[PDB]
Amino acid sequence: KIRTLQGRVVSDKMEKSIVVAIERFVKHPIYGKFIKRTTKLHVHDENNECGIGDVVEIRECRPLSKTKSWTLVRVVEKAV
Amino acid sequence: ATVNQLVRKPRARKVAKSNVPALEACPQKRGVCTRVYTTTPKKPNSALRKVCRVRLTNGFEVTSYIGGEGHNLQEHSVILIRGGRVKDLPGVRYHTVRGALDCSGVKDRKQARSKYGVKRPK
Amino acid sequence: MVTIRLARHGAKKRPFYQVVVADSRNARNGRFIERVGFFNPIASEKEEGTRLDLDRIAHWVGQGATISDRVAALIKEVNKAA
Amino acid sequence: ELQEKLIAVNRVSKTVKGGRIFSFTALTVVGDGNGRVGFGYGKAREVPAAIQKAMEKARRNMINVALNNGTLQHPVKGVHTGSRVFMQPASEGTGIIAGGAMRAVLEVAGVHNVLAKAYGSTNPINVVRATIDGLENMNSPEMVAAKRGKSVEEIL
Amino acid sequence: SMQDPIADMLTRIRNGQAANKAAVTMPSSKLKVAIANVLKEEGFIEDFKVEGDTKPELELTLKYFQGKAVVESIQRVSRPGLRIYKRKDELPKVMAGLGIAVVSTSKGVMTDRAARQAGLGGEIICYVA
Amino acid sequence: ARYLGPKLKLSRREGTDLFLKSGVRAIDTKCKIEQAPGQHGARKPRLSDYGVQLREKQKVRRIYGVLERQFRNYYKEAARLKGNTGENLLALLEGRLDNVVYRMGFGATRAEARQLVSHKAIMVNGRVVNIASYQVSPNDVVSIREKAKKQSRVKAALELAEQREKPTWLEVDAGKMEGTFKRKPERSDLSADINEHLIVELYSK
RNA sequence: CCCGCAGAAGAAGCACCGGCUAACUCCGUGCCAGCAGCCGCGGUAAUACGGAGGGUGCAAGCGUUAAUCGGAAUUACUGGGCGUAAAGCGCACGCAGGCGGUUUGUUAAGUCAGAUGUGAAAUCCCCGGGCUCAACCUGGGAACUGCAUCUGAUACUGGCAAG
RNA sequence: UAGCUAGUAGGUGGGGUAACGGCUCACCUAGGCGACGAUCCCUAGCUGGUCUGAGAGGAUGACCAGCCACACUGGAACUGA
Ligand SMILES: [Mg+2]
Ligand SMILES: [Mg+2]
Ligand SMILES: [Mg+2]
Ligand SMILES: [Mg+2]
Ligand SMILES: [Mg+2]
Ligand SMILES: [Mg+2]
Ligand SMILES: [Mg+2]
Ligand SMILES: [Mg+2]
Ligand SMILES: [Mg+2]
Ligand SMILES: [Mg+2]
Ligand SMILES: [Mg+2]
Ligand SMILES: [Mg+2]
Ligand SMILES: [Mg+2]
Ligand SMILES: [Mg+2]
Ligand SMILES: [Mg+2]
Ligand SMILES: [Mg+2]
Ligand SMILES: [Mg+2]
Ligand SMILES: [Mg+2]
Ligand SMILES: [Mg+2]
Ligand SMILES: [Mg+2]
Ligand SMILES: [Mg+2]
Ligand SMILES: [Mg+2]
Ligand SMILES: [Mg+2]
Ligand SMILES: [Mg+2]
Ligand SMILES: [Mg+2]
Ligand SMILES: [Mg+2]
Ligand SMILES: [Mg+2]
Ligand SMILES: [Mg+2]
Ligand SMILES: [Mg+2]
Ligand SMILES: [Mg+2]
Ligand SMILES: [Mg+2]
């Protein structure tokens, strides 16, 4: 079993890289409201097969570049 | 009012403004007497109040009260000042501490001796 | 490397030692890995005064931990008492 | 057996043609010390006449409160013009912790152990109005059971 | 527009009680019928019915004692602008237990007392005293 | 650390007998008990609620001989403990060694009992205890040591005690000059003209 | 730490007393000297200035100054307001953003329950032990209101599909 | 304080470290961060904790313990686990 995250592809232009947003809900520490927060991750893909809008499952791996420490596991709903 | 609003611009407490800036969080400060004079009080009351101008070790120059009946102070006297307004005397925000370096105690006092630097009478 | 030794707490003239296993480089009263007993040298009568978890004492020695002369004395004393 | 406490005396003025006419106003509160507390105002030209007119009014206009072993049934909030009041049933031994106006009302009422606090205007006449109103709008397990159409335990 | 229909129900109750109305009627819904059910079963209203199929209208017959409303206060807590969830050990009790809080749990909507005794917290829909 | 001032003045201020003298006489034949101390004594003040709360706490302190710092610490400890803070406060006061020795005969007053204690004349469980405020516990035996047992003050004190009311929660053997602290006193056991709720209120404001 | 000896023998000060706030009289000065945290007090009868007597509060300490929190619900999430006291933009359209009528299916994201790991020791708290007591030291507990993982619940919010 | 950024973002290959990595280099792609506050200015060691507060919070980081940084100021490397 491998820990994994799910998010959406906000940019796929880079060669073999993509940026994914793993937006999440979090209770506000003071005011109790549940707020959306987003975390952008540079993720590694081979073949640059992930298109923008795709929902993708990613995993954490060794450093692959100055800013990439996550890799793609698989695409969910590749329709866009 | 709305939570959303507070989440965008949190409540922001006002910073308390001090009443004794020349002391800069020091209980007492030392300073030299530049001039010693008397000033008229505010309109409701009436008297000749003893004050001094004081240059502090930190550069600040302030006016300070010289409480008590009688004082032997002149220019180039090094005194100690403490916090404390006089209200009916605008500008004077510090109180000279009797008993300090070149502040003599008030003569012939029996009550409140410790507030005026007066030794215990034999 | 890892050693089992006493850390002197308590107050002036009333020493109280806590036997702890720790990296020998850390300060006497500083970072330790696990506490495993105590030793009161000034406890009155009827008070146990010295209680040592001898099973963890074993685990750690089995893993190459050394033993102070004084904890070695404590361990031999407790083994003699019972 | 009724207990009476003078809460506040005040000097008012009427400034008639000739100048000022001074009079006094004594706000008092009587009570038996067992779920029964009557507060009363008293305006009179003299202070003794005022304390007495006020006692007299307070002695009538008295109400009952559903106490619970010297403490309240449940937390209660009170409201009137400027004065918001809040009272909570404390455990036994604490005593009465409250502002002066409330201290006097709760004391004469018989509330032995309560935590209270007044918010907004502490004007005594309105604090007393709001504490009285708070205690009066306070129901009891049996009365609430009757209202709700069940028994006591069925509330617990 | 209309964005909290549960608050709307609470308000229709409070306002009809204050206006000594014998009954009140509102557009129905499963969640409303479930709250009316808990309210009725706990004795804050007489009864309720739903009438119609395409636009089901729920009707609550209110309850009075001494020409007074049985429901002294009734307020929405968790609301669309601030959802309130509590754990089992944090469950409030209103009026020190004399009233009730309606809680929605993994096993449906029930009172605070019930959910406490059953060991499951949830979303605090409203308070009633 | 000890009040060395005149006693009957405190009693006059408190308008009541505080048991600060031996009891050989009638206190009203020893001072103008009702009259307040000082020149402005004949007139009574219209005393605010804060005044009555303060004067009541002062009354209790002056009875037992405890100064403010220590009395405040007693309050904090009574409050922390379970149960009524006021009753726990009076239990704590009544558990002091000086108090127990005074309610156990040996001393005409608490001042004498304190001097006996301080001067290494009292043992609890056969050990010399020399601090007045030592808290004695249920099932204790306090005794006068042999060398102090022949002091004539103590004999007189037990006689006067024989003329005073005998406290319930202590079992005293006067012959042996030996006594037992069977149990902590309840509130109903202790005088009913000491009030507590004022003291608890005074320390919350 | 214990024991022996002399002898009350070597050991009490500080602040305040108009209201807030517990505690008042006289004499001195006379809008001067002076006091003051605020309101204030003093112009010949001062409980407010100075002294005395008396009293109050603390006590080997007591006051003054500086700083933080509280009281201050006086930045209000708990827990405020906006007709006139400060406060609704001059009005409208509208992208982000916030919120969403009703029914069914599904999802386990939020949510809840349980378990596992972790949340250093010390500190706070509870029950005990040791110093003549306390301070102090110490034994054992909970608590660290959190995070992560795993297994469960379908009420509510969210997603997807059909209405 | 509204834009900031050319080793900057990524890829291929070479070198280098105990180790992954623009860590470095040559080439290619022209990116990457930013209203959920990037860049810039002022201030500041961080935490267990301390004080206060009913609580939520507010202020704070002396002593004890854990971590970081520094050793006249600015750089560099050697020996060595
Ligand atoms: Mg106000
Ligand atoms: Mg002391
Ligand atoms: Mg007075
Ligand atoms: Mg004065
Ligand atoms: Mg005269
Ligand atoms: Mg005169
Ligand atoms: Mg004064
Ligand atoms: Mg005077
Ligand atoms: Mg201060
Ligand atoms: Mg606040
Ligand atoms: Mg306001
Ligand atoms: Mg206007
Ligand atoms: Mg206006
Ligand atoms: Mg308008
Ligand atoms: Mg909906
Ligand atoms: Mg939506
Ligand atoms: Mg889930
Ligand atoms: Mg002990
Ligand atoms: Mg401990
Ligand atoms: Mg811990
Ligand atoms: Mg749904
Ligand atoms: Mg490479
Ligand atoms: Mg290579
Ligand atoms: Mg790196
Ligand atoms: Mg710095
Ligand atoms: Mg620094
Ligand atoms: Mg508060
Ligand atoms: Mg330091
Ligand atoms: Mg260097
Ligand atoms: Mg140097
Ligand atoms: Mg080398």
# chains A, B, ... in the order shown; residues from 1 in each chain; ligands from 1

$ select_by_dssp --residues "stretch 34-141 of chain D" --states "strand (DSSP E)" --output "list in words"
residues 36, 37, 38, 39, 40, 43, 44, 63, 64, 76, 77, 78, 79, 83, 84, 85, 86, 87, 88, 89, 96, 97, 114, 115, 116, 117, 118, 119 and 120 of chain D

$ write_last_selection --atoms "N, CA and C atoms" --output "compact mmCIF listing (two decimals), in the first residue's frame"
# COMPACT_ATOMS: atom_id res chain seq x y z
N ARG D 36 -38.52 34.17 46.10
CA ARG D 36 -39.52 35.22 46.22
C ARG D 36 -38.76 36.52 46.41
N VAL D 37 -38.82 37.42 45.43
CA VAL D 37 -38.05 38.66 45.48
C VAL D 37 -38.80 39.80 44.80
N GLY D 38 -39.17 40.81 45.58
CA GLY D 38 -39.85 41.99 45.07
C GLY D 38 -39.03 43.26 45.08
N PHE D 39 -38.67 43.78 43.92
CA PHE D 39 -37.94 45.04 43.87
C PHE D 39 -38.88 46.23 43.72
N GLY D 40 -38.47 47.37 44.28
CA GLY D 40 -39.30 48.55 44.25
C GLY D 40 -38.56 49.87 44.19
N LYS D 43 -39.60 57.28 45.03
CA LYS D 43 -39.24 58.68 44.88
C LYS D 43 -39.92 59.48 45.98
N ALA D 44 -39.14 60.19 46.79
CA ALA D 44 -39.72 61.01 47.85
C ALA D 44 -38.83 62.20 48.16
N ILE D 63 -42.78 38.35 43.30
CA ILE D 63 -43.00 37.17 42.47
C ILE D 63 -42.28 35.97 43.07
N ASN D 64 -42.58 34.80 42.52
CA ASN D 64 -41.99 33.54 42.94
C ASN D 64 -41.01 33.07 41.87
N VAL D 76 -29.21 31.10 32.74
CA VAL D 76 -30.25 32.02 32.33
C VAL D 76 -29.61 33.32 31.89
N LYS D 77 -30.19 33.92 30.87
CA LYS D 77 -29.79 35.21 30.35
C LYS D 77 -30.92 36.18 30.64
N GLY D 78 -30.57 37.42 30.93
CA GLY D 78 -31.56 38.42 31.23
C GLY D 78 -31.29 39.65 30.39
N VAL D 79 -32.36 40.36 30.09
CA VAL D 79 -32.27 41.47 29.15
C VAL D 79 -33.31 42.49 29.53
N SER D 83 -29.00 46.93 29.91
CA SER D 83 -28.30 45.95 30.74
C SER D 83 -28.58 44.53 30.30
N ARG D 84 -27.55 43.83 29.83
CA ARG D 84 -27.62 42.40 29.60
C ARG D 84 -27.00 41.68 30.79
N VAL D 85 -27.66 40.66 31.28
CA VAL D 85 -27.29 40.02 32.53
C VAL D 85 -27.16 38.53 32.26
N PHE D 86 -26.27 37.86 32.97
CA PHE D 86 -26.13 36.44 32.74
C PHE D 86 -25.85 35.76 34.07
N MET D 87 -26.51 34.64 34.30
CA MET D 87 -26.41 33.92 35.55
C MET D 87 -26.28 32.44 35.23
N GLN D 88 -25.49 31.75 36.04
CA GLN D 88 -25.22 30.35 35.90
C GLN D 88 -25.28 29.66 37.25
N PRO D 89 -25.83 28.46 37.31
CA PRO D 89 -25.88 27.71 38.56
C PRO D 89 -24.53 27.10 38.91
N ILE D 96 -22.29 33.49 46.19
CA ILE D 96 -22.83 34.38 45.16
C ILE D 96 -21.72 35.29 44.66
N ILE D 97 -21.33 35.10 43.40
CA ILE D 97 -20.39 35.97 42.71
C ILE D 97 -21.17 36.79 41.70
N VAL D 114 -24.26 31.17 42.89
CA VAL D 114 -24.46 31.49 41.49
C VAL D 114 -23.26 32.25 40.96
N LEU D 115 -22.94 32.02 39.69
CA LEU D 115 -21.97 32.81 38.95
C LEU D 115 -22.73 33.78 38.06
N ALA D 116 -22.47 35.07 38.20
CA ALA D 116 -23.17 36.06 37.39
C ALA D 116 -22.19 37.04 36.76
N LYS D 117 -22.69 37.75 35.75
CA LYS D 117 -21.93 38.82 35.12
C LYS D 117 -22.88 39.71 34.35
N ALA D 118 -22.65 41.02 34.46
CA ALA D 118 -23.46 42.02 33.80
C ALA D 118 -22.68 42.66 32.66
N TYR D 119 -23.32 42.76 31.51
CA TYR D 119 -22.75 43.32 30.30
C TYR D 119 -23.51 44.59 29.94
N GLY D 120 -22.79 45.54 29.34
CA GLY D 120 -23.39 46.79 28.93
C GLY D 120 -23.52 47.80 30.04

$ interface_residues --of "chain B" --to "chain G" --cutoff "6 Å" --atoms "only C-alpha atoms (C1' of nucleotides)" --output "PyMOL selection string"
chain B and resi 11+13+25-27+46+82-83

$ write_last_selection --atoms "N, CA, C and O atoms" --output "mmCIF file, in the first residue's frame"
data_model
loop_
_atom_site.group_PDB
_atom_site.id
_atom_site.type_symbol
_atom_site.label_atom_id
_atom_site.label_comp_id
_atom_site.auth_asym_id
_atom_site.auth_seq_id
_atom_site.Cartn_x
_atom_site.Cartn_y
_atom_site.Cartn_z
ATOM 1 N N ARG B 11 -9.628 40.546 12.402
ATOM 2 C CA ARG B 11 -9.650 41.575 13.424
ATOM 3 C C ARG B 11 -8.225 41.944 13.805
ATOM 4 O O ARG B 11 -7.361 41.076 13.952
ATOM 5 N N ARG B 13 -6.050 44.218 16.478
ATOM 6 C CA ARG B 13 -6.046 44.967 17.724
ATOM 7 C C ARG B 13 -5.224 46.245 17.619
ATOM 8 O O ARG B 13 -4.163 46.273 16.992
ATOM 9 N N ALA B 25 10.594 52.014 28.506
ATOM 10 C CA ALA B 25 10.483 50.797 29.309
ATOM 11 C C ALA B 25 11.597 50.694 30.344
ATOM 12 O O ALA B 25 12.160 49.624 30.575
ATOM 13 N N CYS B 26 11.939 51.820 30.954
ATOM 14 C CA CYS B 26 12.893 51.853 32.037
ATOM 15 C C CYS B 26 12.223 52.445 33.265
ATOM 16 O O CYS B 26 11.547 53.474 33.155
ATOM 17 N N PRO B 27 12.337 51.816 34.427
ATOM 18 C CA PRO B 27 11.640 52.344 35.600
ATOM 19 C C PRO B 27 12.076 53.744 35.971
ATOM 20 O O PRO B 27 11.240 54.571 36.342
ATOM 21 N N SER B 46 -4.280 77.358 40.627
ATOM 22 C CA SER B 46 -3.503 78.578 40.780
ATOM 23 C C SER B 46 -2.395 78.350 41.793
ATOM 24 O O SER B 46 -2.665 78.003 42.945
ATOM 25 N N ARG B 82 11.261 59.522 37.232
ATOM 26 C CA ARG B 82 10.377 58.378 37.174
ATOM 27 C C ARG B 82 9.133 58.808 36.413
ATOM 28 O O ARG B 82 8.894 59.996 36.199
ATOM 29 N N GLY B 83 8.327 57.835 36.019
ATOM 30 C CA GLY B 83 7.056 58.132 35.388
ATOM 31 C C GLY B 83 6.104 58.865 36.311
ATOM 32 O O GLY B 83 6.234 58.845 37.533
#

$ closest_atom_pairs --of "chain H" --to "ligand 24" --cutoff "10 Å" --atoms "only C-alpha atoms (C1' of nucleotides) and all ligand atoms" --output "tab-separated table"
residue	atom	partner	partner_atom_place_in_ligand_line	distance
H:20	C1'	ligand 24	1 (Mg)	8.3
H:21	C1'	ligand 24	1 (Mg)	5.1
H:22	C1'	ligand 24	1 (Mg)	9.5
H:23	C1'	ligand 24	1 (Mg)	8.4

$ residues_around --residues "residue E:80" --least-positions-apart "5" --cutoff "12 Å" --atoms "only C-alpha atoms (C1' of nucleotides)" --output "MDAnalysis selection string"
(chainID A and resid 33:34) or (chainID B and resid 3) or (chainID E and resid 2:7 125) or (chainID G and resid 98:100 156:157)

$ atom_distance --atom1 "atom CA of residue B:38" --atom2 "atom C1' of residue G:44"
27.4 Å

$ residues_near_ligand --ligand "ligand 25" --cutoff "10 Å" --atoms "only C-alpha atoms (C1' of nucleotides) and all ligand atoms" --output "PyMOL selection string"
chain H and resi 43-45

$ write_last_selection --atoms "N, CA and C atoms (P, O5', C5', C4', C3', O3' and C1' of nucleotides)" --output "PDB file, in the first residue's frame"
ATOM      1  P     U H  43      14.848  46.902  11.481  1.00  0.00           P
ATOM      2  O5'   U H  43      13.974  45.912  12.370  1.00  0.00           O
ATOM      3  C5'   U H  43      13.137  46.421  13.397  1.00  0.00           C
ATOM      4  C4'   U H  43      12.162  45.385  13.890  1.00  0.00           C
ATOM      5  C3'   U H  43      12.750  44.105  14.454  1.00  0.00           C
ATOM      6  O3'   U H  43      13.203  44.242  15.787  1.00  0.00           O
ATOM      7  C1'   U H  43      11.013  43.568  12.962  1.00  0.00           C
ATOM      8  P     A H  44      14.550  43.514  16.257  1.00  0.00           P
ATOM      9  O5'   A H  44      14.155  41.978  16.290  1.00  0.00           O
ATOM     10  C5'   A H  44      13.119  41.526  17.143  1.00  0.00           C
ATOM     11  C4'   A H  44      12.792  40.075  16.916  1.00  0.00           C
ATOM     12  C3'   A H  44      13.960  39.109  16.938  1.00  0.00           C
ATOM     13  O3'   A H  44      14.384  38.785  18.246  1.00  0.00           O
ATOM     14  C1'   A H  44      12.606  38.642  15.078  1.00  0.00           C
ATOM     15  P     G H  45      15.946  38.640  18.565  1.00  0.00           P
ATOM     16  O5'   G H  45      16.275  37.132  18.194  1.00  0.00           O
ATOM     17  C5'   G H  45      15.440  36.073  18.631  1.00  0.00           C
ATOM     18  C4'   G H  45      15.337  35.005  17.578  1.00  0.00           C
ATOM     19  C3'   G H  45      14.329  33.899  17.820  1.00  0.00           C
ATOM     20  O3'   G H  45      13.007  34.248  17.476  1.00  0.00           O
ATOM     21  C1'   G H  45      16.379  32.954  17.180  1.00  0.00           C
TER      22        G H  45
END

$ residues_around --residues "residue D:142" --least-positions-apart "5" --cutoff "10 Å" --atoms "only C-alpha atoms (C1' of nucleotides)" --output "PDB file with N, CA, C and O atoms, in the first residue's frame"
ATOM      1  N   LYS D 147     -45.295  20.812  30.923  1.00  0.00           N
ATOM      2  CA  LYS D 147     -45.415  21.503  29.644  1.00  0.00           C
ATOM      3  C   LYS D 147     -45.208  20.547  28.479  1.00  0.00           C
ATOM      4  O   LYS D 147     -46.022  20.486  27.553  1.00  0.00           O
ATOM      5  N   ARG D 148     -44.126  19.779  28.523  1.00  0.00           N
ATOM      6  CA  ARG D 148     -43.700  18.909  27.436  1.00  0.00           C
ATOM      7  C   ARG D 148     -44.541  17.648  27.323  1.00  0.00           C
ATOM      8  O   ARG D 148     -44.382  16.906  26.351  1.00  0.00           O
ATOM      9  N   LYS D 150     -44.734  14.887  29.453  1.00  0.00           N
ATOM     10  CA  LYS D 150     -44.067  13.662  29.866  1.00  0.00           C
ATOM     11  C   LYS D 150     -43.798  13.760  31.361  1.00  0.00           C
ATOM     12  O   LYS D 150     -44.343  14.625  32.052  1.00  0.00           O
ATOM     13  N   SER D 151     -42.953  12.878  31.859  1.00  0.00           N
ATOM     14  CA  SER D 151     -42.648  12.828  33.272  1.00  0.00           C
ATOM     15  C   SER D 151     -41.298  13.480  33.536  1.00  0.00           C
ATOM     16  O   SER D 151     -40.696  14.102  32.657  1.00  0.00           O
ATOM     17  N   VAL D 152     -40.811  13.333  34.762  1.00  0.00           N
ATOM     18  CA  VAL D 152     -39.545  13.921  35.169  1.00  0.00           C
ATOM     19  C   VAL D 152     -38.412  13.157  34.505  1.00  0.00           C
ATOM     20  O   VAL D 152     -37.662  13.723  33.703  1.00  0.00           O
ATOM     21  N   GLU D 153     -38.265  11.879  34.867  1.00  0.00           N
ATOM     22  CA  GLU D 153     -37.199  11.047  34.316  1.00  0.00           C
ATOM     23  C   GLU D 153     -37.114  11.181  32.803  1.00  0.00           C
ATOM     24  O   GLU D 153     -36.019  11.233  32.232  1.00  0.00           O
ATOM     25  N   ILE D 155     -37.386  13.613  31.084  1.00  0.00           N
ATOM     26  CA  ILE D 155     -36.351  14.616  30.860  1.00  0.00           C
ATOM     27  C   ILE D 155     -35.006  14.198  31.436  1.00  0.00           C
ATOM     28  O   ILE D 155     -33.971  14.414  30.799  1.00  0.00           O
TER      29      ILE D 155
ATOM     30  N   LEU E  98     -32.909  20.254  30.104  1.00  0.00           N
ATOM     31  CA  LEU E  98     -34.351  20.444  30.049  1.00  0.00           C
ATOM     32  C   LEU E  98     -34.843  20.532  28.613  1.00  0.00           C
ATOM     33  O   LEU E  98     -35.935  20.043  28.303  1.00  0.00           O
TER      34      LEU E  98
END

$ interface_residues --of "chain E" --to "chain D" --cutoff "6 Å" --atoms "only C-alpha atoms" --output "list in words"
residues 43, 95 and 96 of chain E

$ write_last_selection --atoms "N, CA, C and O atoms" --output "PDB file, in the first residue's frame"
ATOM      1  N   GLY E  43     -42.262  15.726  22.139  1.00  0.00           N
ATOM      2  CA  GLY E  43     -43.353  16.451  22.755  1.00  0.00           C
ATOM      3  C   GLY E  43     -43.356  17.956  22.626  1.00  0.00           C
ATOM      4  O   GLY E  43     -43.906  18.639  23.491  1.00  0.00           O
ATOM      5  N   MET E  95     -30.229  24.154  28.175  1.00  0.00           N
ATOM      6  CA  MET E  95     -30.942  24.338  29.437  1.00  0.00           C
ATOM      7  C   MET E  95     -30.609  23.236  30.439  1.00  0.00           C
ATOM      8  O   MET E  95     -31.468  22.774  31.192  1.00  0.00           O
ATOM      9  N   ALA E  96     -29.347  22.805  30.440  1.00  0.00           N
ATOM     10  CA  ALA E  96     -28.865  21.759  31.344  1.00  0.00           C
ATOM     11  C   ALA E  96     -29.638  20.455  31.192  1.00  0.00           C
ATOM     12  O   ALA E  96     -29.786  19.697  32.150  1.00  0.00           O
TER      13      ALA E  96
END

$ residues_near_ligand --ligand "ligand 6" --cutoff "8 Å" --atoms "only C-alpha atoms (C1' of nucleotides) and all ligand atoms" --output "number ranges by chain"
G: 27-28, 44-46

$ write_last_selection --atoms "N, CA, C and O atoms (P, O5', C5', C4', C3', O3' and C1' of nucleotides)" --output "PDB file, in the first residue's frame"
ATOM      1  P     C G  27      -8.673  73.759  66.413  1.00  0.00           P
ATOM      2  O5'   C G  27      -7.113  74.004  66.190  1.00  0.00           O
ATOM      3  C5'   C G  27      -6.273  74.470  67.234  1.00  0.00           C
ATOM      4  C4'   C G  27      -4.809  74.315  66.888  1.00  0.00           C
ATOM      5  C3'   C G  27      -4.274  75.137  65.724  1.00  0.00           C
ATOM      6  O3'   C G  27      -3.986  76.482  66.047  1.00  0.00           O
ATOM      7  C1'   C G  27      -3.534  72.923  65.493  1.00  0.00           C
ATOM      8  P     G G  28      -4.052  77.611  64.906  1.00  0.00           P
ATOM      9  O5'   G G  28      -2.864  77.224  63.920  1.00  0.00           O
ATOM     10  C5'   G G  28      -1.525  77.586  64.225  1.00  0.00           C
ATOM     11  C4'   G G  28      -0.589  77.296  63.079  1.00  0.00           C
ATOM     12  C3'   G G  28      -0.922  77.972  61.762  1.00  0.00           C
ATOM     13  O3'   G G  28      -0.452  79.303  61.700  1.00  0.00           O
ATOM     14  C1'   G G  28      -0.484  75.693  61.374  1.00  0.00           C
ATOM     15  P     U G  44     -11.955  82.444  52.736  1.00  0.00           P
ATOM     16  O5'   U G  44     -11.842  81.583  54.066  1.00  0.00           O
ATOM     17  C5'   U G  44     -10.647  81.579  54.828  1.00  0.00           C
ATOM     18  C4'   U G  44     -10.910  81.474  56.304  1.00  0.00           C
ATOM     19  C3'   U G  44     -11.731  82.624  56.873  1.00  0.00           C
ATOM     20  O3'   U G  44     -12.505  82.157  57.972  1.00  0.00           O
ATOM     21  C1'   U G  44      -9.589  82.597  57.872  1.00  0.00           C
ATOM     22  P     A G  45     -14.045  81.764  57.757  1.00  0.00           P
ATOM     23  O5'   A G  45     -14.107  80.347  58.466  1.00  0.00           O
ATOM     24  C5'   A G  45     -13.370  79.269  57.908  1.00  0.00           C
ATOM     25  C4'   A G  45     -12.703  78.451  58.979  1.00  0.00           C
ATOM     26  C3'   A G  45     -12.718  76.950  58.739  1.00  0.00           C
ATOM     27  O3'   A G  45     -11.546  76.373  59.313  1.00  0.00           O
ATOM     28  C1'   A G  45     -13.915  77.460  60.722  1.00  0.00           C
ATOM     29  P     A G  46     -10.352  75.836  58.377  1.00  0.00           P
ATOM     30  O5'   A G  46     -10.741  74.348  57.980  1.00  0.00           O
ATOM     31  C5'   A G  46     -11.845  74.084  57.124  1.00  0.00           C
ATOM     32  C4'   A G  46     -11.590  72.925  56.190  1.00  0.00           C
ATOM     33  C3'   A G  46     -11.127  71.638  56.864  1.00  0.00           C
ATOM     34  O3'   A G  46     -11.641  70.526  56.144  1.00  0.00           O
ATOM     35  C1'   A G  46      -9.483  72.357  55.330  1.00  0.00           C
TER      36        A G  46
END
